[PDB]
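Enquirer: Please read through the structure below; I'll follow up with questions.
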Amino acid sequence: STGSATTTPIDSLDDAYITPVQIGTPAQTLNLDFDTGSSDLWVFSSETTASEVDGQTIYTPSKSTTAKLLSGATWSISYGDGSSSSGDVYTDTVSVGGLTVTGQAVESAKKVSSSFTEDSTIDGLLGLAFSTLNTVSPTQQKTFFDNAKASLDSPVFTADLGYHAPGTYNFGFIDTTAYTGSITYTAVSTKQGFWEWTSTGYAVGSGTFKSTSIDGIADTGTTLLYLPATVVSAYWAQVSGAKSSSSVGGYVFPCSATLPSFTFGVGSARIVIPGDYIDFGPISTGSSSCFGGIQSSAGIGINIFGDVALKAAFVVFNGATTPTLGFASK
Ligand SMILES: NCc1ccc(C(F)(F)F)cc1
Ligand SMILES: NCc1ccc(C(F)(F)F)cc1
């Protein structure tokens, strides 16, 4: 079997991407944030504290003939940005773009942090990291991908995120019409539960490529590109007037500047991020200082190839018994 679904940016800055997902019988369609950096499928629901819901579409298990409460199971998650949510667990039928999984753990939010309440466009998250990170207790649950793996034609999914435009998540097949050239595959470590890999170096604009190993995770659920302080300083040094701002919390630059591209290495291949992808606009309405899409990972503890980097490529998440990541230009 295969599945294919369109994913759409939630705003004009590509801060996140939502993908419609059918849950329950009859279908309740929710727009979820597909997150390869986490492993919980959780939704706003009829159980969510009413004051904490502001425009989101909610899942109502009581209206689904296939929903079953998972007795005694709870979940609680904290994300690297300080957001958090928690609740109880149902099993139900979940379909993504024609691909159906029965008995998927659907985690019903009873409490969500303020950042989720304020994001009216995101109805929940669909985790696509490895199932060892799932937070359901006392019985850990599998991700949608892990549950679908056996019935997929190929145990893969692909992310084709658009720049200010819709894109595609495919499950079970690789669309050879969606990229140019060849796909370069690189080894993945699952030891931390992430799609963790090693980039072979970088270049700024038309500069010399610096060969150097950068270990990081491929994370569709993170907006920006977080890299070591040395790399990030080398990039922003090429932008006139750019500086790291403690009050703002990262590098900013004059909105009138033109940004250089950023290249990162995948084995012997190169993925080029156009400079326009790194512009995240004014720090406040009307400001002439703009926020940069490449920031330091120093305070985070791990390097993160977020949407800024991934949307410049066609990305294969190969969930074979030895997992790999594939990158191609597009
Ligand atoms: N997108 C999920 C996510 C968020 C944060 C992190 C961090 F901060 F731990 F790296 C990993 C994964
Ligand atoms: N990295 C996971 C994640 C994804 C989205 C959000 C947001 F945008 F809803 F705040 C927070 C955390």
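Numbering starts fresh at 1 for the residues of each chain in the structure tokens, the chains themselves are lettered A, B, ... in the order given, and ligands are numbered from 1 as they appear.
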Do you know which residues are within 8 Å of ligand 2 using only C-alpha atoms and all ligand atoms? Can you write them as a count of residues only?
Expert: 21
Enquirer: What parts of stretch 52-295 of chain A does DSSP call helix (DSSP H, G or I)? I'd like the answer as JSON, numbers by chain.
Expert: {"A": [52, 61, 62, 63, 114, 115, 116, 117, 131, 132, 133, 144, 145, 146, 147, 148, 149, 150, 151, 229, 230, 231, 232, 233, 234, 235, 236, 275, 276, 277, 278]}
Enquirer: Give the residues close to ligand 1, within 12 Å, counting only C-alpha atoms and all ligand atoms; write them as JSON, numbers by chain.
Expert: {"A": [16, 33, 34, 35, 36, 37, 38, 39, 40, 77, 78, 79, 80, 81, 82, 83, 84, 125, 126, 127, 128, 129, 130, 133, 134, 192, 193, 194, 195, 196, 215, 216, 217, 218, 219, 220, 221, 222, 223, 224, 225, 226, 227, 297, 298, 299, 300, 301, 302, 303, 304, 305, 306, 307]}
Enquirer: Given the choices A:91, A:25, A:102, A:141, which gets closest to residue A:65 if the distance is worked out from only C-alpha atoms?
Expert: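 Between A:91, A:25, A:102, A:141, the residue approaching residue A:65 most closely is A:25.
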Enquirer: Step one, run DSSP on the backbone; step two, keep only residues of stretch 81-299 of chain A assigned to strand (DSSP E or B); then write them as an mmCIF file with N, CA and C atoms, in the first residue's frame.
Expert:
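File part-v2.cif, as written:
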data_model
loop_
_atom_site.group_PDB
_atom_site.id
_atom_site.type_symbol
_atom_site.label_atom_id
_atom_site.label_comp_id
_atom_site.auth_asym_id
_atom_site.auth_seq_id
_atom_site.Cartn_x
_atom_site.Cartn_y
_atom_site.Cartn_z
ATOM 1 N N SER A 84 4.693 21.990 25.680
ATOM 2 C CA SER A 84 4.359 20.741 26.356
ATOM 3 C C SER A 84 2.865 20.467 26.235
ATOM 4 N N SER A 85 2.507 19.195 26.397
ATOM 5 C CA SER A 85 1.112 18.773 26.369
ATOM 6 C C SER A 85 1.019 17.393 27.010
ATOM 7 N N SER A 86 -0.205 17.001 27.385
ATOM 8 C CA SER A 86 -0.421 15.747 28.112
ATOM 9 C C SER A 86 -1.900 15.368 28.115
ATOM 10 N N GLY A 87 -2.162 14.090 28.387
ATOM 11 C CA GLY A 87 -3.540 13.612 28.390
ATOM 12 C C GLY A 87 -3.621 12.099 28.469
ATOM 13 N N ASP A 88 -4.677 11.551 27.871
ATOM 14 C CA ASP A 88 -4.899 10.111 27.843
ATOM 15 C C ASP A 88 -4.894 9.627 26.396
ATOM 16 N N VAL A 89 -5.174 8.340 26.209
ATOM 17 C CA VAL A 89 -4.846 7.666 24.959
ATOM 18 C C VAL A 89 -6.044 6.871 24.476
ATOM 19 N N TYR A 90 -6.374 7.027 23.203
ATOM 20 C CA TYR A 90 -7.318 6.157 22.528
ATOM 21 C C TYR A 90 -6.583 5.380 21.449
ATOM 22 N N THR A 91 -7.178 4.283 21.013
ATOM 23 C CA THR A 91 -6.798 3.705 19.735
ATOM 24 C C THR A 91 -7.936 3.939 18.752
ATOM 25 N N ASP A 92 -7.585 4.161 17.487
ATOM 26 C CA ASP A 92 -8.593 4.458 16.476
ATOM 27 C C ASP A 92 -7.971 4.237 15.106
ATOM 28 N N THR A 93 -8.798 4.351 14.077
ATOM 29 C CA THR A 93 -8.331 4.229 12.707
ATOM 30 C C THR A 93 -7.798 5.576 12.228
ATOM 31 N N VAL A 94 -6.608 5.571 11.629
ATOM 32 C CA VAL A 94 -5.968 6.803 11.177
ATOM 33 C C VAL A 94 -5.542 6.625 9.728
ATOM 34 N N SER A 95 -5.913 7.580 8.869
ATOM 35 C CA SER A 95 -5.593 7.496 7.453
ATOM 36 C C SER A 95 -4.882 8.761 6.997
ATOM 37 N N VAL A 96 -3.827 8.581 6.207
ATOM 38 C CA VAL A 96 -3.067 9.692 5.633
ATOM 39 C C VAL A 96 -3.040 9.478 4.129
ATOM 40 N N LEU A 99 -3.681 5.976 2.916
ATOM 41 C CA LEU A 99 -2.992 4.940 3.679
ATOM 42 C C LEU A 99 -3.638 4.824 5.047
ATOM 43 N N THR A 100 -4.167 3.647 5.368
ATOM 44 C CA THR A 100 -4.931 3.454 6.592
ATOM 45 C C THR A 100 -4.226 2.527 7.580
ATOM 46 N N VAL A 101 -4.239 2.916 8.852
ATOM 47 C CA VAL A 101 -3.728 2.111 9.963
ATOM 48 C C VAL A 101 -4.841 1.953 10.984
ATOM 49 N N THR A 102 -5.171 0.708 11.315
ATOM 50 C CA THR A 102 -6.127 0.456 12.378
ATOM 51 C C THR A 102 -5.402 0.273 13.705
ATOM 52 N N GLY A 103 -6.067 0.675 14.780
ATOM 53 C CA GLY A 103 -5.487 0.521 16.096
ATOM 54 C C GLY A 103 -4.302 1.418 16.353
ATOM 55 N N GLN A 104 -4.253 2.578 15.706
ATOM 56 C CA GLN A 104 -3.213 3.557 16.000
ATOM 57 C C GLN A 104 -3.488 4.248 17.328
ATOM 58 N N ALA A 105 -2.443 4.420 18.129
ATOM 59 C CA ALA A 105 -2.581 5.181 19.364
ATOM 60 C C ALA A 105 -2.805 6.655 19.041
ATOM 61 N N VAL A 106 -3.951 7.195 19.445
ATOM 62 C CA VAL A 106 -4.264 8.610 19.245
ATOM 63 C C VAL A 106 -4.281 9.249 20.625
ATOM 64 N N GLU A 107 -3.329 10.139 20.882
ATOM 65 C CA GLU A 107 -3.149 10.682 22.224
ATOM 66 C C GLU A 107 -3.976 11.951 22.370
ATOM 67 N N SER A 108 -4.923 11.921 23.299
ATOM 68 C CA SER A 108 -5.907 12.991 23.440
ATOM 69 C C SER A 108 -5.404 14.010 24.454
ATOM 70 N N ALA A 109 -5.233 15.262 24.019
ATOM 71 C CA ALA A 109 -4.691 16.280 24.914
ATOM 72 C C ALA A 109 -5.746 16.698 25.929
ATOM 73 N N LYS A 110 -5.399 16.602 27.210
ATOM 74 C CA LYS A 110 -6.208 17.221 28.247
ATOM 75 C C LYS A 110 -5.691 18.612 28.582
ATOM 76 N N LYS A 111 -4.381 18.808 28.465
ATOM 77 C CA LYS A 111 -3.701 20.059 28.756
ATOM 78 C C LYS A 111 -2.684 20.330 27.654
ATOM 79 N N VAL A 112 -2.635 21.577 27.173
ATOM 80 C CA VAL A 112 -1.637 22.005 26.197
ATOM 81 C C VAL A 112 -1.013 23.317 26.661
ATOM 82 N N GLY A 124 -2.728 19.379 16.033
ATOM 83 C CA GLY A 124 -1.978 18.351 16.723
ATOM 84 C C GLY A 124 -0.725 18.029 15.942
ATOM 85 N N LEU A 125 -0.007 17.030 16.440
ATOM 86 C CA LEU A 125 1.259 16.605 15.859
ATOM 87 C C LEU A 125 1.166 15.137 15.472
ATOM 88 N N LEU A 126 1.875 14.774 14.415
ATOM 89 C CA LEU A 126 2.041 13.379 14.019
ATOM 90 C C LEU A 126 3.532 13.068 14.024
ATOM 91 N N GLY A 127 3.974 12.295 15.015
ATOM 92 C CA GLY A 127 5.403 12.053 15.189
ATOM 93 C C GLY A 127 5.913 10.968 14.248
ATOM 94 N N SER A 137 2.694 5.904 28.689
ATOM 95 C CA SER A 137 3.003 5.107 29.861
ATOM 96 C C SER A 137 1.730 4.440 30.356
ATOM 97 N N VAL A 156 9.482 3.313 3.460
ATOM 98 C CA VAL A 156 10.043 4.656 3.351
ATOM 99 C C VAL A 156 8.923 5.680 3.428
ATOM 100 N N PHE A 157 9.283 6.892 3.848
ATOM 101 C CA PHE A 157 8.444 8.037 3.538
ATOM 102 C C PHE A 157 9.352 9.162 3.074
ATOM 103 N N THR A 158 8.773 10.096 2.331
ATOM 104 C CA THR A 158 9.552 11.179 1.758
ATOM 105 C C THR A 158 8.897 12.505 2.096
ATOM 106 N N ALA A 159 9.741 13.502 2.328
ATOM 107 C CA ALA A 159 9.314 14.853 2.631
ATOM 108 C C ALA A 159 9.762 15.758 1.500
ATOM 109 N N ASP A 160 8.806 16.476 0.912
ATOM 110 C CA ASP A 160 9.048 17.404 -0.191
ATOM 111 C C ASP A 160 8.361 18.707 0.209
ATOM 112 N N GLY A 167 3.525 21.339 -0.499
ATOM 113 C CA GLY A 167 4.439 20.252 -0.786
ATOM 114 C C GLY A 167 3.768 18.916 -0.561
ATOM 115 N N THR A 168 4.552 17.854 -0.405
ATOM 116 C CA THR A 168 4.002 16.510 -0.410
ATOM 117 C C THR A 168 4.743 15.649 0.597
ATOM 118 N N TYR A 169 3.982 14.861 1.368
ATOM 119 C CA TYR A 169 4.504 13.720 2.125
ATOM 120 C C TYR A 169 4.012 12.457 1.440
ATOM 121 N N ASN A 170 4.938 11.583 1.036
ATOM 122 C CA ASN A 170 4.587 10.306 0.424
ATOM 123 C C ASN A 170 5.010 9.187 1.361
ATOM 124 N N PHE A 171 4.195 8.132 1.442
ATOM 125 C CA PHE A 171 4.493 6.952 2.249
ATOM 126 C C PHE A 171 4.522 5.727 1.348
ATOM 127 N N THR A 184 21.366 10.923 -2.779
ATOM 128 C CA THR A 184 22.533 10.494 -2.016
ATOM 129 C C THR A 184 22.099 10.026 -0.638
ATOM 130 N N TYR A 185 22.413 8.777 -0.315
ATOM 131 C CA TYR A 185 22.018 8.212 0.962
ATOM 132 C C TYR A 185 23.170 8.276 1.952
ATOM 133 N N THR A 186 22.824 8.431 3.227
ATOM 134 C CA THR A 186 23.825 8.603 4.269
ATOM 135 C C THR A 186 23.343 7.878 5.516
ATOM 136 N N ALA A 187 24.291 7.418 6.329
ATOM 137 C CA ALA A 187 23.949 6.570 7.465
ATOM 138 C C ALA A 187 23.216 7.336 8.559
ATOM 139 N N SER A 189 22.056 7.164 12.727
ATOM 140 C CA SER A 189 22.126 6.597 14.064
ATOM 141 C C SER A 189 20.776 6.767 14.752
ATOM 142 N N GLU A 196 19.186 10.826 12.977
ATOM 143 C CA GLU A 196 20.451 11.510 13.236
ATOM 144 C C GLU A 196 21.479 11.079 12.204
ATOM 145 N N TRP A 197 22.190 12.047 11.632
ATOM 146 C CA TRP A 197 23.123 11.766 10.550
ATOM 147 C C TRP A 197 24.292 12.737 10.659
ATOM 148 N N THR A 198 25.261 12.600 9.760
ATOM 149 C CA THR A 198 26.455 13.446 9.793
ATOM 150 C C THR A 198 26.640 14.130 8.451
ATOM 151 N N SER A 199 26.506 15.450 8.446
ATOM 152 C CA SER A 199 26.806 16.247 7.267
ATOM 153 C C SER A 199 28.312 16.370 7.089
ATOM 154 N N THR A 200 28.745 16.447 5.834
ATOM 155 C CA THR A 200 30.174 16.433 5.534
ATOM 156 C C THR A 200 30.780 17.823 5.403
ATOM 157 N N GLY A 201 30.010 18.878 5.610
ATOM 158 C CA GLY A 201 30.602 20.206 5.663
ATOM 159 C C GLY A 201 29.654 21.235 5.093
ATOM 160 N N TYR A 202 30.205 22.415 4.798
ATOM 161 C CA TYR A 202 29.363 23.543 4.420
ATOM 162 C C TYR A 202 30.142 24.566 3.608
ATOM 163 N N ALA A 203 29.387 25.453 2.954
ATOM 164 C CA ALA A 203 29.941 26.630 2.302
ATOM 165 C C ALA A 203 28.976 27.791 2.466
ATOM 166 N N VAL A 204 29.525 28.999 2.452
ATOM 167 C CA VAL A 204 28.741 30.227 2.549
ATOM 168 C C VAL A 204 28.809 30.914 1.193
ATOM 169 N N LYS A 210 33.977 23.897 3.183
ATOM 170 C CA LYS A 210 34.761 23.491 4.340
ATOM 171 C C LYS A 210 34.362 22.065 4.712
ATOM 172 N N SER A 211 35.289 21.118 4.562
ATOM 173 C CA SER A 211 35.011 19.741 4.948
ATOM 174 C C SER A 211 35.145 19.614 6.455
ATOM 175 N N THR A 212 34.056 19.210 7.104
ATOM 176 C CA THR A 212 33.993 19.110 8.548
ATOM 177 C C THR A 212 32.706 18.382 8.906
ATOM 178 N N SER A 213 32.796 17.469 9.867
ATOM 179 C CA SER A 213 31.663 16.621 10.218
ATOM 180 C C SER A 213 30.710 17.371 11.140
ATOM 181 N N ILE A 214 29.452 17.470 10.738
ATOM 182 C CA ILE A 214 28.427 18.111 11.547
ATOM 183 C C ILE A 214 27.361 17.062 11.811
ATOM 184 N N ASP A 215 27.240 16.627 13.058
ATOM 185 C CA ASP A 215 26.225 15.654 13.436
ATOM 186 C C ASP A 215 24.939 16.398 13.791
ATOM 187 N N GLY A 216 23.810 15.937 13.260
ATOM 188 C CA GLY A 216 22.557 16.617 13.546
ATOM 189 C C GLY A 216 21.384 15.743 13.156
ATOM 190 N N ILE A 217 20.183 16.264 13.393
ATOM 191 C CA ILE A 217 18.969 15.496 13.143
ATOM 192 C C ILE A 217 18.154 16.174 12.051
ATOM 193 N N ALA A 218 17.495 15.351 11.235
ATOM 194 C CA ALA A 218 16.556 15.832 10.223
ATOM 195 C C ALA A 218 15.196 15.963 10.898
ATOM 196 N N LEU A 225 17.275 26.371 10.947
ATOM 197 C CA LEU A 225 18.496 25.584 10.851
ATOM 198 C C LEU A 225 19.405 25.986 11.999
ATOM 199 N N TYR A 226 19.712 25.035 12.887
ATOM 200 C CA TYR A 226 20.515 25.288 14.079
ATOM 201 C C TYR A 226 21.836 24.557 13.926
ATOM 202 N N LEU A 227 22.934 25.306 13.895
ATOM 203 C CA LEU A 227 24.245 24.732 13.591
ATOM 204 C C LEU A 227 25.280 25.264 14.582
ATOM 205 N N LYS A 243 24.182 40.943 13.304
ATOM 206 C CA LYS A 243 24.770 40.785 14.630
ATOM 207 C C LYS A 243 23.909 39.826 15.432
ATOM 208 N N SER A 244 24.511 39.218 16.443
ATOM 209 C CA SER A 244 23.730 38.412 17.369
ATOM 210 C C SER A 244 23.120 39.321 18.422
ATOM 211 N N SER A 245 21.805 39.251 18.582
ATOM 212 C CA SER A 245 21.089 40.098 19.526
ATOM 213 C C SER A 245 20.614 39.262 20.706
ATOM 214 N N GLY A 250 18.964 35.810 18.995
ATOM 215 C CA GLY A 250 19.588 35.218 17.831
ATOM 216 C C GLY A 250 20.121 36.281 16.897
ATOM 217 N N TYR A 251 20.618 35.805 15.765
ATOM 218 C CA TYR A 251 21.146 36.709 14.757
ATOM 219 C C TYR A 251 20.018 37.448 14.052
ATOM 220 N N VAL A 252 20.204 38.759 13.890
ATOM 221 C CA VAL A 252 19.310 39.602 13.111
ATOM 222 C C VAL A 252 20.153 40.305 12.058
ATOM 223 N N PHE A 253 19.484 40.877 11.064
ATOM 224 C CA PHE A 253 20.191 41.518 9.975
ATOM 225 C C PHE A 253 19.305 42.635 9.417
ATOM 226 N N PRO A 254 19.896 43.645 8.794
ATOM 227 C CA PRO A 254 19.074 44.707 8.182
ATOM 228 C C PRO A 254 18.201 44.135 7.079
ATOM 229 N N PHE A 262 23.480 29.091 1.484
ATOM 230 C CA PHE A 262 24.206 28.210 2.389
ATOM 231 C C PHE A 262 24.172 26.801 1.826
ATOM 232 N N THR A 263 25.340 26.192 1.698
ATOM 233 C CA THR A 263 25.469 24.842 1.167
ATOM 234 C C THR A 263 25.819 23.883 2.293
ATOM 235 N N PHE A 264 25.166 22.713 2.337
ATOM 236 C CA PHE A 264 25.591 21.680 3.281
ATOM 237 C C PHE A 264 25.863 20.375 2.547
ATOM 238 N N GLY A 265 26.783 19.582 3.095
ATOM 239 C CA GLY A 265 27.261 18.387 2.402
ATOM 240 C C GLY A 265 26.490 17.149 2.827
ATOM 241 N N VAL A 266 26.202 16.288 1.853
ATOM 242 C CA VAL A 266 25.643 14.970 2.120
ATOM 243 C C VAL A 266 26.539 13.989 1.382
ATOM 244 N N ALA A 269 27.799 14.795 -2.110
ATOM 245 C CA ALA A 269 26.851 15.677 -2.773
ATOM 246 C C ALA A 269 26.672 16.964 -1.965
ATOM 247 N N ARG A 270 26.031 17.957 -2.585
ATOM 248 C CA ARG A 270 25.843 19.275 -1.978
ATOM 249 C C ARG A 270 24.382 19.676 -2.118
ATOM 250 N N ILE A 271 23.789 20.162 -1.033
ATOM 251 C CA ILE A 271 22.455 20.763 -1.076
ATOM 252 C C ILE A 271 22.619 22.258 -0.853
ATOM 253 N N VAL A 272 22.054 23.070 -1.754
ATOM 254 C CA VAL A 272 22.182 24.523 -1.692
ATOM 255 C C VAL A 272 20.870 25.108 -1.189
ATOM 256 N N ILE A 273 20.935 25.856 -0.090
ATOM 257 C CA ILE A 273 19.791 26.588 0.446
ATOM 258 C C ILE A 273 19.860 28.012 -0.075
ATOM 259 N N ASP A 279 15.632 34.282 5.159
ATOM 260 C CA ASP A 279 14.974 35.505 5.603
ATOM 261 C C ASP A 279 13.663 35.146 6.303
ATOM 262 N N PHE A 280 13.565 35.442 7.598
ATOM 263 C CA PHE A 280 12.310 35.218 8.300
ATOM 264 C C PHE A 280 11.621 36.521 8.696
ATOM 265 N N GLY A 281 11.964 37.620 8.026
ATOM 266 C CA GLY A 281 11.187 38.837 8.088
ATOM 267 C C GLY A 281 11.431 39.651 9.343
ATOM 268 N N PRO A 282 10.715 40.765 9.463
ATOM 269 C CA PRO A 282 10.952 41.696 10.579
ATOM 270 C C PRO A 282 10.699 41.075 11.951
ATOM 271 N N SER A 289 14.741 45.578 11.218
ATOM 272 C CA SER A 289 15.616 44.458 11.563
ATOM 273 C C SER A 289 14.881 43.159 11.308
ATOM 274 N N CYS A 290 15.538 42.244 10.608
ATOM 275 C CA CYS A 290 14.926 40.991 10.195
ATOM 276 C C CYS A 290 15.581 39.816 10.917
ATOM 277 N N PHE A 291 14.838 38.732 11.072
ATOM 278 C CA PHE A 291 15.329 37.586 11.832
ATOM 279 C C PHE A 291 15.913 36.542 10.893
ATOM 280 N N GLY A 292 17.075 35.997 11.266
ATOM 281 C CA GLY A 292 17.772 35.047 10.416
ATOM 282 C C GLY A 292 17.316 33.612 10.605
ATOM 283 N N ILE A 294 19.206 30.931 10.057
ATOM 284 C CA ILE A 294 20.310 30.098 10.535
ATOM 285 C C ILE A 294 20.734 30.634 11.893
ATOM 286 N N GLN A 295 20.691 29.779 12.921
ATOM 287 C CA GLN A 295 20.946 30.206 14.291
ATOM 288 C C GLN A 295 21.866 29.190 14.967
ATOM 289 N N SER A 296 22.434 29.584 16.105
ATOM 290 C CA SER A 296 23.381 28.726 16.807
ATOM 291 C C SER A 296 22.669 27.644 17.606
#
Enquirer: How many Å lie between atom CA of residue A:308 and atom CA of residue A:209, rounded to one decimal?
Expert: 19.4 Å
Enquirer: Record the distance separating atom CA of residue A:18 and atom CA of residue A:121, expressed in Å with one decimal.
Expert: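 Separation between atom CA of residue A:18 and atom CA of residue A:121: 7.8 Å.
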Enquirer: Name the residues in contact with residue A:153 at a cut-off of 8 Å, using only C-alpha atoms, excluding same-chain residues fewer than 2 positions from it; report them as a PyMOL selection string.
Expert: chain A and resi 1-2+151+155+172-173
Enquirer: Would you list the contacts of residue A:61 as a PyMOL selection string, taking every protein, DNA or RNA residue within 9 Å and counting only C-alpha atoms, but skipping same-chain residues closer than 2 positions in sequence?
Expert: chain A and resi 24+45-46+59+63-69+90+92+108
Enquirer: Since we have the selection now, will you write its residues out, keeping N, CA, C and O atoms, as a PDB file, in the first residue's frame?
Expert:
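Below is the file part36.pdb, written as the result:
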ATOM      1  N   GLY A  24     -10.725   8.237  12.936  1.00  0.00           N
ATOM      2  CA  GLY A  24     -12.002   7.746  13.425  1.00  0.00           C
ATOM      3  C   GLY A  24     -12.956   7.336  12.321  1.00  0.00           C
ATOM      4  O   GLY A  24     -12.674   7.439  11.122  1.00  0.00           O
ATOM      5  N   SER A  45      -8.709  17.774  21.466  1.00  0.00           N
ATOM      6  CA  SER A  45      -9.845  16.868  21.549  1.00  0.00           C
ATOM      7  C   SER A  45     -10.964  17.505  22.366  1.00  0.00           C
ATOM      8  O   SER A  45     -10.809  18.588  22.937  1.00  0.00           O
ATOM      9  N   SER A  46     -12.100  16.801  22.432  1.00  0.00           N
ATOM     10  CA  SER A  46     -13.199  17.194  23.308  1.00  0.00           C
ATOM     11  C   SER A  46     -12.804  17.177  24.783  1.00  0.00           C
ATOM     12  O   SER A  46     -13.526  17.745  25.611  1.00  0.00           O
ATOM     13  N   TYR A  59     -10.665  16.499  17.972  1.00  0.00           N
ATOM     14  CA  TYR A  59     -11.058  15.109  17.825  1.00  0.00           C
ATOM     15  C   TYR A  59     -12.041  14.751  18.935  1.00  0.00           C
ATOM     16  O   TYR A  59     -11.789  15.047  20.108  1.00  0.00           O
ATOM     17  N   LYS A  63     -17.704  10.268  19.229  1.00  0.00           N
ATOM     18  CA  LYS A  63     -18.410  10.209  17.956  1.00  0.00           C
ATOM     19  C   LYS A  63     -17.784   9.235  16.970  1.00  0.00           C
ATOM     20  O   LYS A  63     -18.237   9.163  15.823  1.00  0.00           O
ATOM     21  N   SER A  64     -16.755   8.495  17.374  1.00  0.00           N
ATOM     22  CA  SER A  64     -16.082   7.540  16.501  1.00  0.00           C
ATOM     23  C   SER A  64     -16.443   6.124  16.927  1.00  0.00           C
ATOM     24  O   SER A  64     -16.170   5.728  18.063  1.00  0.00           O
ATOM     25  N   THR A  65     -17.020   5.352  16.002  1.00  0.00           N
ATOM     26  CA  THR A  65     -17.404   3.978  16.306  1.00  0.00           C
ATOM     27  C   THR A  65     -16.217   3.034  16.458  1.00  0.00           C
ATOM     28  O   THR A  65     -16.406   1.913  16.941  1.00  0.00           O
ATOM     29  N   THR A  66     -15.009   3.445  16.067  1.00  0.00           N
ATOM     30  CA  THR A  66     -13.830   2.589  16.161  1.00  0.00           C
ATOM     31  C   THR A  66     -12.877   3.009  17.279  1.00  0.00           C
ATOM     32  O   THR A  66     -11.854   2.343  17.491  1.00  0.00           O
ATOM     33  N   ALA A  67     -13.177   4.095  17.987  1.00  0.00           N
ATOM     34  CA  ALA A  67     -12.312   4.569  19.061  1.00  0.00           C
ATOM     35  C   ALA A  67     -12.459   3.686  20.297  1.00  0.00           C
ATOM     36  O   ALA A  67     -13.575   3.354  20.702  1.00  0.00           O
ATOM     37  N   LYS A  68     -11.332   3.321  20.905  1.00  0.00           N
ATOM     38  CA  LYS A  68     -11.314   2.537  22.138  1.00  0.00           C
ATOM     39  C   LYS A  68     -10.378   3.222  23.121  1.00  0.00           C
ATOM     40  O   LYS A  68      -9.234   3.527  22.772  1.00  0.00           O
ATOM     41  N   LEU A  69     -10.852   3.471  24.342  1.00  0.00           N
ATOM     42  CA  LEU A  69      -9.963   4.030  25.357  1.00  0.00           C
ATOM     43  C   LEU A  69      -8.925   2.989  25.743  1.00  0.00           C
ATOM     44  O   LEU A  69      -9.264   1.828  26.000  1.00  0.00           O
ATOM     45  N   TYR A  90      -6.374   7.027  23.203  1.00  0.00           N
ATOM     46  CA  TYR A  90      -7.318   6.157  22.528  1.00  0.00           C
ATOM     47  C   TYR A  90      -6.583   5.380  21.449  1.00  0.00           C
ATOM     48  O   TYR A  90      -5.488   5.752  21.021  1.00  0.00           O
ATOM     49  N   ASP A  92      -7.585   4.161  17.487  1.00  0.00           N
ATOM     50  CA  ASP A  92      -8.593   4.458  16.476  1.00  0.00           C
ATOM     51  C   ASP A  92      -7.971   4.237  15.106  1.00  0.00           C
ATOM     52  O   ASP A  92      -6.776   3.976  14.978  1.00  0.00           O
ATOM     53  N   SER A 108      -4.923  11.921  23.299  1.00  0.00           N
ATOM     54  CA  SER A 108      -5.907  12.991  23.440  1.00  0.00           C
ATOM     55  C   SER A 108      -5.404  14.010  24.454  1.00  0.00           C
ATOM     56  O   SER A 108      -5.173  13.665  25.618  1.00  0.00           O
TER      57      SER A 108
END
Enquirer: For residue A:180, which residue out of A:114, A:29, A:132, A:329 is the nearest one, using only C-alpha atoms?
Expert: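 Among the listed residues, A:329 lies closest to residue A:180.
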Enquirer: Excluding residue A:163 and any residue of its chain fewer than 5 positions from it, enumerate the residues within 8 Å of it, using only C-alpha atoms, and give them as a ChimeraX atom specification.
Expert: /A:14,277,311-312
Enquirer: Quick one, how far is atom CA of residue A:261 from atom CA of residue A:162?
Expert: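 Atom-to-atom, atom CA of residue A:261 and atom CA of residue A:162 are spaced 17.1 Å apart.
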Enquirer: Between A:257, A:53, A:188, A:229, which is the closest to residue A:316 once you count only C-alpha atoms?
Expert: A:188
